[PDB]
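*Asks:* sequence and experimental coordinates follow.
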Number of protein chains: 4
Amino acid sequence: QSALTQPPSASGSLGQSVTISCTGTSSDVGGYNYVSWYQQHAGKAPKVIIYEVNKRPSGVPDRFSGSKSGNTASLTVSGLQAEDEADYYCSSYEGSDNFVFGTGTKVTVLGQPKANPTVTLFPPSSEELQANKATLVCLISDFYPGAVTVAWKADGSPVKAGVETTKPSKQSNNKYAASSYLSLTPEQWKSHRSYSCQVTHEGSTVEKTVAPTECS
Amino acid sequence: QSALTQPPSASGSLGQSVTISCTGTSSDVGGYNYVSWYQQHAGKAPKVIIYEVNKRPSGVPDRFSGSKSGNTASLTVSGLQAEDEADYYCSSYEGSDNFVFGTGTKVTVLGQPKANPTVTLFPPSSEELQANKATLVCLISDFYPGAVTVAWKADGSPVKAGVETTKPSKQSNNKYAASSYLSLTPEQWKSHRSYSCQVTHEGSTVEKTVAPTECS
Amino acid sequence: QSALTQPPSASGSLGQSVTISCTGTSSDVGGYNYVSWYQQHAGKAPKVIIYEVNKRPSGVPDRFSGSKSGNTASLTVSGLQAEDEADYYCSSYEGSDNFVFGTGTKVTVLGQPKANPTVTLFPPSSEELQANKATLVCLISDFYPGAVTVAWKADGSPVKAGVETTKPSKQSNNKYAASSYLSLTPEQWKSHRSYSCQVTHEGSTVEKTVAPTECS
Amino acid sequence: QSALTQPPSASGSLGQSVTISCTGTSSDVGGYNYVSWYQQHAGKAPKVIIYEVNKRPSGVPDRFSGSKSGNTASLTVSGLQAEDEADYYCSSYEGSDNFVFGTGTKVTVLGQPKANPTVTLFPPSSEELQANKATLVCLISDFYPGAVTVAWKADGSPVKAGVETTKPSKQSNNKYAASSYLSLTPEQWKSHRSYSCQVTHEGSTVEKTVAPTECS
């Protein structure tokens, strides 16, 4: 369906203002005047915090803003101490036996660290070399801002047919951790050059390449 | 506060029919209509799936209605389909632009086969150990239920303050499984005798010890 | 033969919602409509209670609908009301004047309070015994569940080939209880020491012995 | 609602023809041309055996008849060996968010005896004279044709406010048995003259009177 184009996590420094945008089509969000922005303060009941454009229900606060920028719907939060710490959802109204929601701009800043992802790439074992099950597993410990873009490449170009990514979590301090792994035939492996696991941030990134070969 | 009464949890089969009950004030669901429901599954953005009272866009197969007796507004999926089970929610106009919604349900639907669990662990590359440490990662690829525990054993005894786990899953509408990680350097590693991961799951315990696999 | 698939038994509460599923050939419920349902409770004459597919005359409060996904035509009572529990049935035109109907359901609805049982036995008039026999009759007036047994004891020991019982009930939408009868003449009577009726019911046993009551 | 006026049990002698009638109003059954007559061969799925007037589905037999006698709807069964042994239901179509069913003319003849009801009347006990609970219980053993009209009178005239009648049954040979009892204050009892329990057949009847009074 639609996508209502939303960055992943917006990560300020308390006493801040962010803009979350929401691109759709030109029809809706563009011409159309009905955008809605809700808040799931750690999921559950994402409340309507913004409706119409910059309109606001009653049992929702101030500090809370939003515009219909001739093609992008944007919410501007301007404070953010112990308010934005929510999942944020942008929704586009329209008359098609539907009405659009977008992707999840989640907010926080309450943590300690906004330190980086720790990735490693464990290319296939003997599960693969013998057991013939070609699994390269790409791992990410010690996060702080839990945001995991990951993209794999197959020798040069994108790769993504039989690859999974474990929605993330990590205890102890919290931080965050997660995985992404790919499973195919041996050869698809040993016949092939290299696999890349690049988790991404904005002012973050880390890339990694595992390549085929031999034993002792 | 404007809450929408609805149970926190639903159950059923896939042979008969399920009904979630969204109840409120005559204000919201008494003398007003405009009860929309959304299909959310923790991570995709909620889907309008009965609007007004029982009006439904491509997504309602058919007997996936809702109607509102008095102010007790129940949506029924007649039949029931092996979907994923999580959150359904109802919002009504409660009028003066201040929409409100009942939370919950989720589901307990037989008609999805329990699975058994499939492990992959990949401590290696084949240097890892001569030069530093790498780290041990265990991956249960799958098994339906999502009700488990993993331990790791160093030739017979659990090592300690040397373990990190937590997640249920991802997948699409398939299963639930996660991955464990221990840092064990070299001798911490092999000096360690040999390592099984111990997947105690639903009365069946499964597990793989790994020793000399070398390079894959 | 033209049968209408529907479960033989339904269950639920009175807090949520129940759905009975009437499924058949596209002939009946595929490309034809005209699925009517009747509320029968073993003794009153069945009541049309969703006609065509979800059209309903005074009797449907409201969310007491039915809809037909594909040919799986489910009727939902949203809410559910402490009714009596027994038979619901669906008939569709299956066209060429040869209507057909699914049988069953009945119900298992919490939301009706179990009762305890209340006995009355009346062997007498006050001559009965000097002149012939009369007969012993025991009446449990009531108690909700309807899951029991009655014995009769002649000062401690069950007499034999001297007993007749069987029934669940009547009442309106209240309870279930019945009445026992033993013919015991005179001496067969008092020569008999004294008679308790023994109502073994749902883990609680209740019972009344009767001796000298004389005339009432 | 309606009543669709139907005698209770029609009781031939095999190789016979009976007429079951169905009076309603003048509107329906009268003018109206839609009567329907179904068969519950010991309950469950009462099939449509007659529709329109004398029209008959396909998987139903011959021997089976029915007319729309300008105000009474009648079915004439003409054979009856091992066919009529059913509950029989007369139904009147009409356009009032309804469609009428009538009362239950049940059929049989397969038995041994078409012998009479055995009634007794156990007027209040000490439950009543002391316990102050005024219960006169009217009992009917050894039936063959299970048909129990019962009517109580209070000194002369009808009586029926707090009186029950246990839908009937009896094991051993079968036959049939049942009860009917009345519960009121002592005085309503001892202040009052007499209570009558008349079970009725057609070419049957039995009447019984219990009157108030004293002990030893």
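*Replies:* All right, it came through fine. Numbers count the residues shown, from 1 in each chain, chains lettered A, B, ... in the order given.

*Asks:* can you name the residue of chain A nearest chain C?
*Replies:* Using Cβ to the nearest Cβ, the closest approach of chain A to chain C is made by residue A:97 at 17.2 Å. For the C-beta atoms, the positions are set from N, CA and C on the backbone; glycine is no exception.

*Asks:* distance-wise, check that residue relative to residue B:58.
*Replies:* Residue A:97 sits 6 Å away from residue B:58, going by Cβ to Cβ, to the nearest Å.

*Asks:* residues in contact with the residue of chain A closest to chain C?
*Replies:* Residue A:97 is in contact with B:56, B:57, B:58, counting by Cβ atoms under 8 Å, 6 or more residues apart in numbering or on different chains.

*Asks:* by neighbours, which of these wins?
*Replies:* When those are compared by neighbour count (other Cβ atoms under 10 Å in any protein chain shown), residue B:56 ends up highest, at 20 neighbours.

*Asks:* that one contacts residue B:49, correct?
*Replies:* Yes. Taking Cβ atoms under 8 Å as the definition, residue B:56 is a contact partner of residue B:49 at 6.5 Å.

*Asks:* identify the contacts common to those two.
*Replies:* residue B:64.

*Asks:* distance of the residue of chain A found nearest chain D relative to residue A:1?
*Replies:* Distance from chain D to each residue of chain A (Cβ to the nearest Cβ) is smallest for residue A:97, at 30.6 Å. From residue A:97 across to residue A:1, the span is 11 Å (Cβ to Cβ).

*Asks:* if we can go back for a sec, reformat the contacts of residue A:97 as CSV; add secondary structure and distance to residue D:151.
*Replies:* Listed next are these as CSV, based on DSSP: H, G, I helix; E, B strand; the rest coil; distance: Cβ to Cβ, whole Å:
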residue, secondary structure, distance to residue D:151
B:56, coil, 55
B:57, coil, 61
B:58, strand, 62
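
*Asks:* now flag whichever of those residues is closest to chain A.
*Replies:* Of all the contacts of residue A:97, residue B:57 has the smallest distance to chain A: 2.9 Å, by Cβ to the nearest Cβ.

*Asks:* so which elements touch the host helix or strand of residue A:77?
*Replies:* Using DSSP states H and E, the element containing residue A:77 is strand A:72-79. Counting contacts by 3 or more Cβ pairs under 8 Å, 6 or more residues apart in numbering or on different chains; DSSP states H and E, strand A:72-79 is packed against strand A:16-23, strand A:35-40, strand A:64-69, strand A:87-93.

*Asks:* centre of the chain to the first one, how far?
*Replies:* Counting by Cα atoms, centre = their mean, to the nearest Å, strand A:16-23 is centred 15 Å from the centre of its parent chain.

*Asks:* and that strand, is it in reach of chain B?
*Replies:* No. Judged by Cβ under 8 Å from any Cβ of the partner chain, strand A:16-23 and chain B are separated, with a smallest distance of 11.4 Å.

*Asks:* report the angle between that strand and strand A:64-69.
*Replies:* For strand A:16-23 against strand A:64-69, the angle by axes from the mean of the first three to the mean of the last three Cα atoms, to 10 degrees is 40 degrees.

*Asks:* in strand A:16-23, what counts as buried?
*Replies:* For strand A:16-23, the neighbour count (16 or more other Cβ atoms under 10 Å in any protein chain shown) marks A:18, A:19, A:20, A:21, A:22, A:23 as buried.

*Asks:* then stretch A:205-216?
*Replies:* Burial within stretch A:205-216, assessed by neighbour count using 16+ other Cβ under 10 Å, is assigned to A:208, A:210, A:212.

*Asks:* I'd like the distance from that stretch to the chain centre, please.
*Replies:* On Cα atoms, centre = their mean, the centre of stretch A:205-216 falls 26 Å from the chain's centre.

*Asks:* any figure for the gap between residue A:178 and residue A:197?
*Replies:* Going from residue A:178 to residue A:197 by Cβ to Cβ gives 11 Å.

*Asks:* now the residue nearest to residue A:159 when sequence neighbours are not counted: which helix or strand?
*Replies:* Spatially, and ignoring its direct neighbours in sequence, residue A:159 is nearest to residue A:152 (4.8 Å; Cβ to Cβ, 6 or more residues apart in numbering or on different chains). Assigned by DSSP H and E, residue A:152 falls within strand A:149-154.

*Asks:* for that strand, give me every contacting residue.
*Replies:* With Cβ under 8 Å, 6+ apart, strand A:149-154 has contacts from A:8, A:138, A:140, A:158-160, A:163, A:165, A:180, A:182, A:192, A:194-201.

*Asks:* mind redoing it with 10 Å?
*Replies:* Contact partners of strand A:149-154, identified using Cβ atoms under 10 Å, 6 or more residues apart in numbering or on different chains, comprise A:8, A:117, A:119, A:121, A:136, A:138, A:140, A:158-161, A:163, A:165, A:178-182, A:184, A:188, A:192-202, A:204-205, A:207-209.

*Asks:* the domain parsing of chain A - what is it?
*Replies:* A:2-111, A:112-216 (curated CATH domains).

*Asks:* and of the ones you listed, who's closest to residue C:43?
*Replies:* Closest approach to residue C:43 among the domains of chain A is made by domain A:2-111 (46.5 Å; Cβ to Cβ).

*Asks:* partners of residue A:119 in the sheet?
*Replies:* residue A:140 (DSSP bridges).

*Asks:* contacts only, for it.
*Replies:* The contact partners of residue A:119, by Cβ under 10 Å, 6+ apart, come to A:138-142, A:150, A:178-180, A:197-199, A:206-208.

*Asks:* now with 6 Å?
*Replies:* Going by Cβ atoms under 6 Å, 6 or more residues apart in numbering or on different chains, residue A:119 touches A:140, A:199, A:206, A:208.

*Asks:* could you check how far the second one is from residue D:85?
*Replies:* Read it as residue A:199. According to Cβ to Cβ, residue A:199 and residue D:85 sit 77 Å apart.

*Asks:* quick one: which of those two has more around it?
*Replies:* residue A:199 (25 against 15).

*Asks:* in its sheet, what does the one helix or strand the more buried one maps to sit against?
*Replies:* Element membership for residue A:199 (DSSP H and E) is strand A:195-200. Next to strand A:195-200 in the sheet, as set by DSSP bridges, lie strand A:149-154 (antiparallel), strand A:205-206 (antiparallel), strand A:209-210 (antiparallel).

*Asks:* so which of these is nearest residue A:76?
*Replies:* Per Cβ to Cβ, nearest to residue A:76 of the strands paired with strand A:195-200: strand A:149-154, 24.0 Å.

*Asks:* dump the closest one to PDB, restricted to CA.
*Replies:* These are the backbone C-alpha positions of strand A:149-154, laid out as PDB (Å, rounded to 0.1, in the frame of the first residue of the first chain):
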ATOM      1  CA  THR A 149      19.000  -0.100   9.200                       C
ATOM      2  CA  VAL A 150      21.000  -3.000   7.900                       C
ATOM      3  CA  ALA A 151      21.900  -3.600   4.300                       C
ATOM      4  CA  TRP A 152      23.700  -6.500   2.800                       C
ATOM      5  CA  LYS A 153      25.500  -6.700  -0.500                       C
ATOM      6  CA  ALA A 154      26.400  -9.800  -2.600                       C
END
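
*Asks:* pull out the buried positions in that strand.
*Replies:* Of the residues in strand A:149-154, A:150, A:152, A:153, A:154 count as buried by neighbour count, 16+ other Cβ under 10 Å.

*Asks:* closest to residue B:102 among those residues?
*Replies:* Among the buried residues of strand A:149-154, residue A:150 lies closest to residue B:102 (Cβ to Cβ), at 35.6 Å.

*Asks:* how much space separates the closest one from residue D:151?
*Replies:* Going from residue A:150 to residue D:151 by Cβ to Cβ gives 84 Å.

*Asks:* swap in residue A:201?
*Replies:* Distance from residue A:201 to residue D:151, counting by Cβ to Cβ: 89 Å.

*Asks:* what does residue A:53 give?
*Replies:* Counting by Cβ to Cβ, the separation of residue A:53 from residue D:151 is 76 Å.

*Asks:* ok, residue A:59 next?
*Replies:* From residue A:59 across to residue D:151, the span is 65 Å (Cβ to Cβ).
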